[PDB]
Amino acid sequence: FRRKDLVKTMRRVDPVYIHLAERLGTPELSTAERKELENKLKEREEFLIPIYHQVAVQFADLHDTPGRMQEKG
Amino acid sequence: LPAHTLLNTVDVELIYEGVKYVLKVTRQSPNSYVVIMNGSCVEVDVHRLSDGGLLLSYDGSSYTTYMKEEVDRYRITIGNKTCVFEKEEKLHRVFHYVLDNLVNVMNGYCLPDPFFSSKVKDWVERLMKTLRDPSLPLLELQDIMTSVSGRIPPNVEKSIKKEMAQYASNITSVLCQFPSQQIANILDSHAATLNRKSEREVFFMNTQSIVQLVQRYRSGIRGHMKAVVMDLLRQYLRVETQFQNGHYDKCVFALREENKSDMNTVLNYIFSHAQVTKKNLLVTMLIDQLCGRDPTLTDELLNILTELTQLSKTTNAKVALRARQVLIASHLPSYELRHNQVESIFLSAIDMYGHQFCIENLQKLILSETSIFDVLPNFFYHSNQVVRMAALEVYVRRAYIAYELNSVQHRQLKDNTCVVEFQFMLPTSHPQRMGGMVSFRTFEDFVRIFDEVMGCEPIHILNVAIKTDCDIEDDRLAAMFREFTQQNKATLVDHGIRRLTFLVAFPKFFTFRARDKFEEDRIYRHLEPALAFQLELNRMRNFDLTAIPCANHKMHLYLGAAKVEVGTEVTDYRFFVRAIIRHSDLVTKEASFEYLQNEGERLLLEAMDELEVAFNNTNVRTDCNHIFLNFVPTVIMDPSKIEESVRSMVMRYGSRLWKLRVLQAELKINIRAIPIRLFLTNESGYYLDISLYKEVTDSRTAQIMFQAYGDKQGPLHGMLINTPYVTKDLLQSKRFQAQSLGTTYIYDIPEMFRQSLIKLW
């Protein structure tokens with residue numbers, strides 16, 4: 001889980017990031033609107049890092065369990 | 001316990017007077033036993049006796065038998081004799097017979113492996129033929145009515161008698177269906193009257209068999225036929241839906257917890273699951289007879305298919321895949337619509353042309369996206385002999401869509417040979433062309449007046465269509481035409497004809513170039529010479545292509561061998577699939593997903609089958625197999641929904657595409673029309689990388705450019721439109737990767753070893 005995978009995961013969870021990214025990807029809006037949405041997206045991307053880092057750590061923690069060591073033998 | 005110990009077959013070895021007999025014993029039911037002896041099967045009706053013996057029916061005669069087990073002997077008593085072995089028909093009885101046998105197969109009671117499927121196919125075929133026979137419900141009606149002569153009011157009995165008499169007298173005739181509704185009507189009318197005091201109870205009780213019969217045949221003989229097989233598929237799902245959504249232990253434990261009061265139910269589930277492979281063979285055979293040559297599905301069949309295709313457990317893949325095929329197969333044209341419409345337009349214009357509607361009909365035929373080349377080659381005369389020219393103009397005008405056609409002329413020879421001449425050009429490609437087309441009968445008029453019909457740089461294009469409506473046999477037709485083109489070289493010495501196209505009347509195209517090269521073309525066969533651009537096959541510039549023959553010649557599979565110098569050999573081999581989807585433009589009312597999904601999925605499955613056969617039958621070690629699907633018709637749909645559709649379509653078979661080394665795919669779809677290109681990378685079947693681009697034609701040249709949608713521009717952003725491929729595929733790509741890390745490539749170890757020994761010496 002590098003930064004780009006955390007952002008890819010944010011792309012499908014965070015409502016604010018989803019709203020901004022769906023708007024920026026919409027054609028025929030304007031130049032200034034796209035620039036503003038891009039800067040807000042960068043701000044959310046760098047802002048949200050700690051929580052999704054914790055989430056990814058939990059995700060990796062889930063596959064270290066004794067249940068898997070039992071299933072594999 | 002695992003589901004391979006609860007077995008229904010026993011091997012028994014009995015030695016009699018030195019001769020060892022190895023017998024297999026299994027069952028078709030709790031009481032129906034099958035014994036394999038000396039390679040032959042015998043069916044025995046076996047009933048358990050309370051005294052430990054068995055009651056057998058073997059050859060029509062009954063036997064009461066016992067066994068005693070000794071230290072090294074089996075003492076079999078039959079009647080009053082001992083053998084010591086050493087230890088080392090009316091059409092409605094057939095319905096029940098075969099249906100009970102098939103249900104027994106569905107419940108896990110199957111014949112032995114060397115004998116299974118030898119009789120089940122016949123049970124399925126006989127069930128189908130019996131159910132489709134109109135006289136079956138008459139026999140059921142006769143049987144239920146004869147066993148109840150009284151206790152039925154005379155009015156309803158007489159009405160039923162009259163209706164069944166009519167139906168019997170109309171057997172096997174158009175406009176005839178079983179009168180289930182009329183029997184229901186008279187019974188419901190008498191019930192509506194509702195006579196009291198023993199007219200009520202007796203009537204309502206003693207007519208239930210007739211109500212059941214009309215309920216079974218409420219949808220007719222064909223509906224009943226379909227319903228029975230649907231019931232068998234429901235019996236399949238009844239068991240197999242319990243072994244999904246988890247592991248075997250989860251299923252068995254959950255079944256134990258749900259059925260605490262009875263453990264035999266759990267055992268039945270496990271037992272029937274043990275023989276799921278044989279059940280799957282029967283399920284495939286049952287599906288073939290339910291939704292085969294009938295491209296339509298009801299809202300009851302669709303539920304069974306939708307549940308069946310969701311059996312994600314791999315052991316049932318055979319039944320899921322075929323079910324998926326049905327869901328896509330029953331949304332195709334039946335060729336009757338195109339044949340009737342095109343033939344009506346072509347024949348009705350001939351009597352007197354220029355009524356200001358037949359012109360528009362021919363224009364609609366030319367300007368439509370739907371293929372009509374399965375109907376056009378059959379217009380040789382049909383009766384009228386003018387339709388020749390009407391066909392000859394349309395086909396060319398339908399095929400030559402990328403050409404600027406400026407003149408068409410009709411000419412005839414002093415025979416029954418019509419020819420149409422065309423003059424056209426390429427606006428921005430290969431910088432004036434001409435051509436013409438003629439039709440003949442059976443073979444001879446082609447060669448007899450070949451030089452005369454030709455009288456319309458080698459810019460000329462000559463097409464010929466001949467009426468040989470029999471037996472798609474590429475070699476025979478190609479030899480028949482090639483034998484002439486190998487002797488008559490008028491195509492080169494007259495004025496210069498670039499290519500001669502041979503159209504066999506569905507259409508089979510054999511292109512020949514009798515100018516310099518051998519008169520054969522394995523690469524562009526079965527393609528129109530005018531629509532040979534509309535395959536994206538010229539992109540294989542760096543490959544020597546070998547075409548792979550296959551059945552159903554709408555799919556085009558090629559094996560490209562990368563071009564290399566006279567030194568190093570070819571290491572990069574790749575299978576390329578090129579298919580075209582032909583259909584009219586769609587009108588989106590939230591109902592355009594079915595066309596794209598079904599056509600793409602059908603071509604994808606056919607491509608995978610042909611790739612499997614081609615790949616396993618050779619040894620060339622391909623790496624990156626590629627599939628391209630051209631969606632001709634225009635569709636109004638947001639590209640994100642097309643992304644979702646192709647994501648589902650590809651991910652559901654990602655495991656097969658991974659096994660077949662299919663790594664890249666390209667889908668071209670015309671939106672609203674502006675084409676978009678979906679570039680898919682499909683590695684191991686967990687994730688699919690879809691990149692979306694539009695074709696940008698807003699340039700000062702004929703050059704087209706890819707433009708992305710902002711999100712994930714990717715490698716194709718700014719890529720032109722049409723680029724060749726090739727790579728090194730191994731051995732001069734891993735060497736570099738290893739050198740980049742400060743170590744040698746592993747297969748360099750022996751050579752250094754040899755060289756080191758030299759220094760050692």
# chains A, B, ... in the order shown; residues from 1 in each chain; ligands from 1
>>> residues_around(residues="stretch 313-326 of chain B", least_positions_apart="2", cutoff="9 Å", atoms="only C-alpha atoms", output="list in words")
residues 240, 243, 244, 245, 276, 277, 280, 281, 283, 284, 287, 288, 291, 292, 295, 297, 305, 306, 308, 309, 310, 311, 328, 329, 330, 598, 601, 602 and 605 of chain B
>>> write_last_selection(atoms="C-alpha atoms", output="mmCIF file, in the first residue's frame")
data_model
loop_
_atom_site.group_PDB
_atom_site.id
_atom_site.type_symbol
_atom_site.label_atom_id
_atom_site.label_comp_id
_atom_site.auth_asym_id
_atom_site.auth_seq_id
_atom_site.Cartn_x
_atom_site.Cartn_y
_atom_site.Cartn_z
ATOM 1 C CA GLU B 240 -26.179 -27.363 -5.235
ATOM 2 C CA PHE B 243 -22.658 -26.031 -1.174
ATOM 3 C CA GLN B 244 -21.966 -22.449 -2.303
ATOM 4 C CA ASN B 245 -20.923 -19.439 -0.215
ATOM 5 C CA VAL B 276 -22.139 -33.704 -9.100
ATOM 6 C CA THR B 277 -20.022 -34.290 -12.218
ATOM 7 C CA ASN B 280 -23.549 -31.766 -14.526
ATOM 8 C CA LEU B 281 -23.367 -33.878 -17.674
ATOM 9 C CA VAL B 283 -27.706 -30.812 -16.716
ATOM 10 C CA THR B 284 -25.853 -29.817 -19.883
ATOM 11 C CA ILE B 287 -30.222 -27.352 -20.996
ATOM 12 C CA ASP B 288 -29.545 -28.138 -24.656
ATOM 13 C CA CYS B 291 -33.330 -23.344 -24.756
ATOM 14 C CA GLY B 292 -31.775 -24.552 -28.000
ATOM 15 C CA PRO B 295 -34.176 -17.788 -29.196
ATOM 16 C CA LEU B 297 -36.496 -16.806 -22.604
ATOM 17 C CA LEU B 305 -30.481 -19.617 -15.391
ATOM 18 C CA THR B 306 -29.548 -16.629 -13.219
ATOM 19 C CA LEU B 308 -27.401 -21.558 -12.053
ATOM 20 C CA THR B 309 -24.783 -19.174 -13.457
ATOM 21 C CA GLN B 310 -23.938 -17.997 -9.909
ATOM 22 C CA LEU B 311 -22.551 -21.385 -8.780
ATOM 23 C CA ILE B 328 -26.672 -14.535 -24.452
ATOM 24 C CA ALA B 329 -27.740 -16.982 -27.172
ATOM 25 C CA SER B 330 -31.472 -16.210 -27.079
ATOM 26 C CA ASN B 598 -24.439 -10.654 -25.436
ATOM 27 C CA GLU B 601 -19.616 -12.296 -24.629
ATOM 28 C CA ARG B 602 -20.570 -14.731 -27.403
ATOM 29 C CA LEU B 605 -16.401 -17.401 -25.539
#
>>> closest_atom_pairs(of="chain A", to="chain B", cutoff="12 Å", atoms="only C-alpha atoms", output="tab-separated table")
residue	atom	partner	partner_atom	distance
A:4	CA	B:712	CA	11.9
A:8	CA	B:712	CA	11.1
A:11	CA	B:711	CA	11.3
A:21	CA	B:711	CA	8.6
A:22	CA	B:711	CA	9.6
A:23	CA	B:711	CA	11.2
A:24	CA	B:710	CA	8.4
A:25	CA	B:710	CA	6.2
A:26	CA	B:709	CA	8.6
A:27	CA	B:709	CA	8.1
A:28	CA	B:709	CA	11.4
A:34	CA	B:710	CA	10.5
A:38	CA	B:710	CA	11.0
A:71	CA	B:247	CA	11.0
>>> residues_around(residues="residue A:40", least_positions_apart="3", cutoff="12 Å", atoms="only C-alpha atoms", output="list in words")
residues 16, 17, 18, 19, 20, 21, 23, 24, 33, 34, 35, 36, 37, 43, 44, 45, 46 and 47 of chain A
>>> write_last_selection(atoms="C-alpha atoms", output="mmCIF file, in the first residue's frame")
data_model
loop_
_atom_site.group_PDB
_atom_site.id
_atom_site.type_symbol
_atom_site.label_atom_id
_atom_site.label_comp_id
_atom_site.auth_asym_id
_atom_site.auth_seq_id
_atom_site.Cartn_x
_atom_site.Cartn_y
_atom_site.Cartn_z
ATOM 1 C CA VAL A 16 -15.803 14.317 -0.519
ATOM 2 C CA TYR A 17 -13.009 12.946 -2.697
ATOM 3 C CA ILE A 18 -15.567 11.071 -4.802
ATOM 4 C CA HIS A 19 -17.604 14.235 -5.338
ATOM 5 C CA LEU A 20 -14.552 16.288 -6.323
ATOM 6 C CA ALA A 21 -13.129 13.585 -8.604
ATOM 7 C CA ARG A 23 -16.772 16.686 -10.935
ATOM 8 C CA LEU A 24 -13.218 17.155 -12.236
ATOM 9 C CA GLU A 33 -13.487 25.028 -12.083
ATOM 10 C CA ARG A 34 -11.196 22.162 -13.100
ATOM 11 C CA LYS A 35 -8.181 23.892 -11.541
ATOM 12 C CA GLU A 36 -10.042 24.478 -8.264
ATOM 13 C CA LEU A 37 -11.293 20.879 -8.125
ATOM 14 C CA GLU A 43 -5.523 18.703 -0.501
ATOM 15 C CA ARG A 44 -7.843 15.799 0.332
ATOM 16 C CA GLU A 45 -5.312 13.251 -0.950
ATOM 17 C CA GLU A 46 -2.583 14.523 1.353
ATOM 18 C CA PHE A 47 -5.047 15.214 4.193
#
>>> atom_distance(atom1="atom CA of residue A:1", atom2="atom CA of residue A:56")
7.1 Å
>>> select_by_dssp(residues="chain A", states="helix (DSSP H, G or I)", output="number ranges by chain")
A: 3-10, 15-24, 31-47, 49-61, 66-72
>>> residues_around(residues="residue B:538", least_positions_apart="6", cutoff="12 Å", atoms="only C-alpha atoms", output="ChimeraX atom specification")
/B:523-524,532,544-545,560,576,578,722-725
>>> write_last_selection(atoms="N, CA and C atoms", output="short mmCIF file (atom, residue, chain, number, x, y, z; two decimals), in the first residue's frame")
data_model
loop_
_atom_site.label_atom_id
_atom_site.label_comp_id
_atom_site.auth_asym_id
_atom_site.auth_seq_id
_atom_site.Cartn_x
_atom_site.Cartn_y
_atom_site.Cartn_z
N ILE B 523 -5.27 -15.63 -45.60
CA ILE B 523 -5.34 -14.61 -44.57
C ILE B 523 -6.62 -13.80 -44.67
N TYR B 524 -6.98 -13.36 -45.88
CA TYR B 524 -8.17 -12.56 -46.12
C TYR B 524 -9.36 -13.38 -46.58
N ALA B 532 -12.25 -5.42 -45.90
CA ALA B 532 -11.04 -5.98 -45.31
C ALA B 532 -10.30 -4.97 -44.44
N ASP B 544 4.50 -12.39 -39.50
CA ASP B 544 4.10 -13.29 -40.57
C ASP B 544 2.91 -14.08 -40.03
N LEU B 545 1.75 -13.89 -40.65
CA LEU B 545 0.51 -14.44 -40.14
C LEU B 545 0.24 -15.81 -40.74
N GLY B 560 0.42 -14.98 -35.33
CA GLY B 560 1.47 -14.15 -35.88
C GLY B 560 2.82 -14.55 -35.30
N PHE B 576 -4.00 -13.75 -32.31
CA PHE B 576 -4.82 -12.56 -32.46
C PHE B 576 -6.21 -12.97 -32.93
N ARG B 578 -9.88 -11.50 -34.26
CA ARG B 578 -10.51 -10.35 -34.89
C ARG B 578 -11.93 -10.74 -35.28
N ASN B 722 -2.99 3.57 -34.79
CA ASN B 722 -2.78 2.26 -35.40
C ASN B 722 -1.29 2.02 -35.43
N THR B 723 -0.80 1.19 -34.50
CA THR B 723 0.62 0.92 -34.35
C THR B 723 0.84 -0.59 -34.38
N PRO B 724 1.93 -1.06 -34.96
CA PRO B 724 2.22 -2.49 -34.88
C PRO B 724 2.71 -2.85 -33.48
N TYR B 725 2.82 -4.15 -33.23
CA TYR B 725 3.46 -4.64 -32.02
C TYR B 725 4.64 -5.49 -32.41
#
>>> atom_distance(atom1="atom CA of residue B:101", atom2="atom CA of residue B:42")
15.4 Å
